[PDB]
């Protein structure tokens, strides 16, 4: 048992803990120790490690900027957020678990893989920060992190790192972001075959659709998103900006009541071979640059930089998405480009291979 397959895209070459002898944590204490260790580790999760109440509960005053209905989620007044973002929002009492607020620190040369459909962390997410590099997280589930509270916790956090490969991971019922990319450079990252479950009891849109999906706000990021299953979200799917070059290929965006893409200044996106099914608005904000392969002929321009043609996207009951900025394509020269299949096989392939347990 060990890491199955290999990273495709920008993070091609990750080895994680390498061939170090696998360790099997019995307690949450052991898991935390191994992840923040100094040695190259290959940690195998054979069960659910529940952190929910491991750090107690905090009672305080937050705010409800999205309504006071029970289907809506509220915000913990972190960093005076309510005061300088929603000064008009009604104050509300909040009670949340401390464990979710901050994730488990992951250090360099680590390989965290789950076994079958058993490996899972509940109530606390992961946090790859402080320059950690060469990390592989595969076949695990990170769920239930203060669902009702924005600022109650993020599932996967990458802030100042390099060579990170997250594959076959399932995230669900998270208070805020499922994936947050730094603020500092995260460099080479490959998100593949992940299942983002947006079905939640509390949502910022008060309708059961998770709004805080993926947030790419890295300072110098090269992110590859392939074979991912983005499901039931209402926004930030994904939100790209800062200085991020996103290669969005062969992903399945399904049932998005709201919007998917939010491209800001400094965000560059190459969307090819994706399938958008029941996505009301595919592109909301567009201040950066994107090439969505408007047609097959248009896909031929990729040849010079990617070494091959780009593949068109498929649309079913979805809004349009057609942008053709090619100026940034030169940035792909000398990088590891993930291959692309036709969109006709994406839907079927993703739902069968995306997420934990489908490895």
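Positions refer to the first chain, counted from 1.
Colleague: Per the entry, where is the mean C-alpha temperature factor higher: 162 to 170 or 88 to 96?
Modeller: Looking at the record's C-alpha B-factors, the answer is 88 to 96.
Colleague: Averaging C-alpha B-factors over each stretch, which comes out higher, 238 to 246 or 79 to 87?
Modeller: For C-alpha atoms only, the mean B-factor is higher in 79 to 87.
Colleague: Can you pull the Cα B-factors for 328, 315, 291, 305 from the entry and say which is highest?
Modeller: Top of the list by C-alpha B-factor: 305.
Colleague: Which third, lowest, middle or highest, does the C-alpha temperature factor of residue 324 belong to within its own chain?
Modeller: CA B-factor rank for residue 324: middle third.
Colleague: By the recorded C-alpha temperature factor, relative to the other modelled residues in its chain, which third is residue 121 in?
Modeller: It belongs to the middle third of the chain when residues are ordered by C-alpha B-factor.
Colleague: What third of its chain, lowest, middle or highest, does the C-alpha temperature factor of residue 177 fall into?
Modeller: For residue 177, the deposited C-alpha B-factor lands in the lowest third.
Colleague: Pull the Cα B-factor of residue 11 out of the PDB entry and bin it into the chain's lowest, middle or highest third.
Modeller: It belongs to the lowest third of the chain when residues are ordered by C-alpha B-factor.
Colleague: Can you work out whether the C-alpha temperature factor of residue 217 puts it in the lowest, middle or highest third of the chain?
Modeller: For residue 217, whose C-alpha B-factor we compare with every modelled residue in the chain, the answer is the lowest third.
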